[PDB]
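Engineer: Here it is: the structure, laid out below.
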RNA sequence: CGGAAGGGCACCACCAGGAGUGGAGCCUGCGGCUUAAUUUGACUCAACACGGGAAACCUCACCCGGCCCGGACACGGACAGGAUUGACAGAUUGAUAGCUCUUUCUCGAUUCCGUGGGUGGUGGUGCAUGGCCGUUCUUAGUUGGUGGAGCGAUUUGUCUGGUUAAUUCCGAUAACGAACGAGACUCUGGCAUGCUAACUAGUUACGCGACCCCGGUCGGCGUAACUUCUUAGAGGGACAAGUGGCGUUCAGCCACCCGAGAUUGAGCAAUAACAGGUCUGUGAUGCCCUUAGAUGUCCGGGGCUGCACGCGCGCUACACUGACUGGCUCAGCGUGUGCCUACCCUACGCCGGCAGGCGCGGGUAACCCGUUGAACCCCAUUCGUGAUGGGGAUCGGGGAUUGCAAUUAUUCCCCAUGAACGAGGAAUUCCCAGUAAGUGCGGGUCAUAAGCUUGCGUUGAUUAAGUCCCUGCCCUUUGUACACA
């Protein structure tokens with residue numbers, strides 16, 4: 001059956017191979033280098049990193065965004 | 001249905017604890033009346049139990065505005081091997 | 001928010017608020033004595049509730 | 001001692017046999033009885049259309065449901081009248097024993 | 001009871017209670033020769049009696065379906081445990097029970113017996129029972 | 001079946017009349033004509049205030065857009081080296097929908113993608129169905145069994161006639177005895193100074209208290225008798241039973257005493273049928289359609305009301321048998337705090353002219369609103385035949401309440417505006433006693449809410465106790481080359 005508009009195709013997401021290993025810097029010792037600050041947020045503490053956007057920071061699930 | 005497994009296992013736990021279960025057809029009911037200890041939307045109890053039914057694990061009987069779900073032998077065996085329990089214990093319907 | 005919009009509209013009154021306790025439709029409802037049964041469903045089950053044609 | 005037994009029933013002759021039975025039980029247990037005071041009958045009346053559609057002559061159904069209320073007041077310690085009222089129950093009537 | 005509702009609303013509440021109970025039990029015990037219900041709310045007992053023709057099928061294997069039905073009764077209508085007691089019993093001279101005979105014909109038609117043979121088979125049993 | 005004859009019955013027929021409808025204004029349901037849409041079912045009685053349909057959103061189908069999966073299930077690439085869900089700015093929109101262009105964080109095999117198969121559906125066919133309903137018809141009609149008559153299909157009973165609300169009966173009679181429908185039956189109204197009972201009903205007497213001059217008044221206060229008044233149980237009572245007429249002397253009809261009634265009103269309802277209505281009452285339901293850009297469903301906007309038009313049901317009037325202003329005085333049916341469900345009935349004390357606001361209370365109700373101080377009517381004024389103080393359409397301005405929201409005014413209040421209408425053409429409707437009509441009060445719908453409908457009491461008649469003239473339907477006789485008639 002004929003419609004008015006040529007439709008909007010649904011948002012297909014950009015799936016990526018390992019966005020994880022870009023969360024840490026590797027050392028040649030047996031030590032570490034944590035890239036993005038760890039928010040001590042109510043529920044989402046240690047393993048939950050903050051977002052590093054071009055204008056502000058953002059904590060994922062508690063939604064705790066920060067002006068630079 | 002897209003489901004939280006936490007809520008899904010809590011439904012399966014109560015279903016076992018008492019073999020048969022009742023659910024009103026009201027998909028826009030915020031919390032389930034019985035399991036108010038858990039945050040269970042009525043939609044999710046219905047969708048879980050109708051998914052159980054499709055394979056022939058539960059017995060579906062419908063009145064005016066209430067689903068009635070009795071447990072079968074197929075459901076008994078799936079539910080017990082799934083929750084990873086002692087094989088001896090059974091629903092509240094069997095014990096004399 | 002999808003879940004801020006799905007059941008966003010308020011229902012405290014009108015005939016979209018109240019529902020037939022049998023067939024679930026929204027015309028010719030009996031609300032007298034807290035029945036909440038549509039007139040056709042009432043008339044079907046009327047003798048089982050206790051209502052009797054005398055006069 | 002001043003205790004209030006009320007009987008609320010949809011059927012009449014059922015209610016009358018229960019009213020008789022409590023007078024019998026009271027006069028046998030040798031305690032003062034106030035006879036069965038008959039409160040006015042309430043007639044729950046609902047009048048609907050007959051036709052499911054609206055393509056007929058306008059004929060209405062007149063559904064009635066009478067509900068009858070008796071009460072007997074006795075001068076008796078709780079126990080003996082409690083054991084009088086624990087026997088000879090039928091499905092029609094409903095009991096309320098009120099102390100104060 | 002502190003909710004303390006009118007005797008008018010109380011009796012229409014009891015009216016719809018029996019009406020749905022009967023609907024549910026006619027839908028459930030349809031094939032297994034179901035005749036009807038009865039309630040006897042005694043002091044702190046809801047003695048809820050069922051009348052059937054094939055009571056062995058409905059009370060089932062060592063009382064599976066009875067406790068299943070007592071569970072959904074207490075669960076849906078919101079009753080106290082211990083207080084609700086179901087009792088399936090056989091109705092006398094089934095030949096005269098219009099419910100039992102109508103559902104018997106229905107399941108002979110569901111089997112696939114001839115229509116004049118189904119009706120005359122039923123009608124002959126009704127008459128020799130003493131209608 | 002007849003364009004042949006005859007006989008019956010009915011205020012959905014007439015006669016005698018009453019109220020009217022048709023005329024005017026508005027409310028409201030149809031067609032029409034506009035519109036993105038103004039969704040639609042029904043069209044003589046048996047469509048058109050009907051779908052309980054009084055829709056501001058929802059309701060809600062219609063239409064202009066925007067989210068959404070609630071696609072179970074078996075199978076197949078995909079896969080944690082992550083399938084996927086959620087997402088704050090910013091442009092995006094109507095939206096604080098992460099729907100999106102563009103950000104980077106979150107989530108953990110329940111996703112998402114094809115193959116089937118399922119689903120939901122106020123989508124389609126009521127000319128595929130069930131159920132319920134309406135109509136023929138609430139008219140009086142329908143059928144065995146033994147017996148009789150015919151070779152037989154069939155017929156008699158079920159009839160010329162009188163009578164009845166009635167195929168109701170008694171009469172004649174090859175029929176006798178019966179069954180369904182009529183009746184009987186259930187509820188209801190009127191009667192009991194007889195009976196059983198009453199602090200959730202009274203009364204009478206009494207003691208007290210207040211006021212007028214021993215009495216009088218009190219719904220002012222309080223406790224021994226009793227059941228007249230109120231309540232609701234059991235029996236009683238009325239049967240054309242008494243008398244006088246008429247009649248085949250029957251069935252029964254008319255009048256009159258006595259008597260609370262000399263026909264109170266409803267509920268139910270046959271055999272057989274209709275292509276009557278409903279798939280938009282149902283998670284009654286065959287088949288078809290659709291099934292992700294949905295005919296599923298949620299969301300926000302409008303529409304269901306649009307106005308040269310023609311119909312139908314109602315409301316208010318056209319005035320003095322009246323309008324206005326005071327004063328006096330009397331009802332009966334009900335209903336009332338909710339499952340999800342939020343919203344109940346209201347007395348009383350202050351505030352405001354009014355609609356209202358605030359305060360403490362009673363009530364799950366013969367207990368509180370309540371002795372339900374209702375209207376018409378009644379008594380006393382002002383008006384004075386003038387489209388007038390008749391009538392209140394249309395329009396302007398302000399103020400309250402309900403709601404998340406009132407413009408296309410929800411409703412209500414206050415001032416102002418003052419339309420036709422001077423009793424209604426053809427045609428046509430309902431109705432015989434506590435009836436018609438006037439009059440207001442409750443129930444339904446209901447957050448708000450009656451010009452509708454369903455009940456209730458108050459005031460309360462004129463005319464008739466007849467008929468087949470009119471419109472219908474029903475029977476008997478007769479005729480037929482008809483029998484899907």
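Sequential numbering from 1, following the chain as shown.
Determined via electron microscopy, 3.4 Å.
Just so it is clear, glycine is given a Cβ too, placed from its N, Cα and C backbone atoms.
Per Swiss-Prot, the features are:
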BINDING   C:20, C:23, C:38, C:41  Zn(2+) binding site
MOD_RES   C:8  phosphoserine
MOD_RES   C:11  omega-N-methylarginine
MOD_RES   C:47  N6-acetyllysine
Engineer: Quick check: with C:20, C:23, C:38, C:41 left out, which same-chain residues have Cβ atoms within 8 Å of the centroid of the Zn(2+) site Cβ atoms?
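Structural biologist: Here the non-site neighbours turn out to be C:21, C:22, C:24, C:25, C:29, C:37, C:40, C:42.
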Engineer: Go through the recorded positions C:8, C:11, C:20, C:23, C:38, C:41 one by one and keep only those whose Cβ is less than 8 Å from a Cβ of chain E; report them in sequence order, or 'none'.
Structural biologist: none
Engineer: Since the record lists C:23, C:38, C:41 as binding-site residues, which of them has the fewest other Cβ atoms within 10 Å of its Cβ?
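Structural biologist: Candidates: the binding-site residues C:23, C:38, C:41. Fewest Cβ atoms within 10 Å: C:23.
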Engineer: Determine, to the nearest whole angstrom, how far the Cα atom of the residue listed as 'phosphoserine' is from the Cα atom of residue C:20 (Zn(2+) binding site).
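Structural biologist: Between the alpha carbons of the residue listed as 'phosphoserine' and residue C:20 (Zn(2+) binding site) there are 22 Å.
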Engineer: Suppose we draw a 10 Å sphere around the Cβ of residue C:8 (phosphoserine). How many other Cβ atoms does it contain, all chains included?
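Structural biologist: By my count, 8.
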Engineer: Please report the number of other Cβ atoms within 10 Å of the Cβ of residue C:20 (Zn(2+) binding site).
Structural biologist: 22
Engineer: Tell me the coarse DSSP state (helix, strand, coil) of residue C:47 (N6-acetyllysine).
Structural biologist: helix
Engineer: Using all protein chains in view, find how many other C-beta atoms are within 10 Å of the C-beta of the residue listed as 'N6-acetyllysine'.
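Structural biologist: Its Cβ has 13 other Cβ atoms within 10 Å.
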Engineer: Take the C-alpha atoms of residue C:41 (Zn(2+) binding site) and residue C:11 (omega-N-methylarginine) and report the distance between them in angstrom, rounded.
Structural biologist: 24
Engineer: Can you check what DSSP calls residue C:38 (Zn(2+) binding site), collapsed to helix, strand or coil?
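Structural biologist: For residue C:38 (Zn(2+) binding site) - judged by DSSP and reduced to three states - the answer is strand.
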Engineer: Any idea what the Cα distance is from residue C:38 (Zn(2+) binding site) over to the residue listed as 'omega-N-methylarginine', rounded to a whole Å?
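Structural biologist: Cα to Cα, residue C:38 (Zn(2+) binding site) and the residue listed as 'omega-N-methylarginine' are separated by 19 Å.
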Engineer: Compute the C-alpha separation of residue C:20 (Zn(2+) binding site) from the residue listed as 'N6-acetyllysine', stating it in Å without decimals.
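Structural biologist: Here the two Cα atoms are 18 Å apart.
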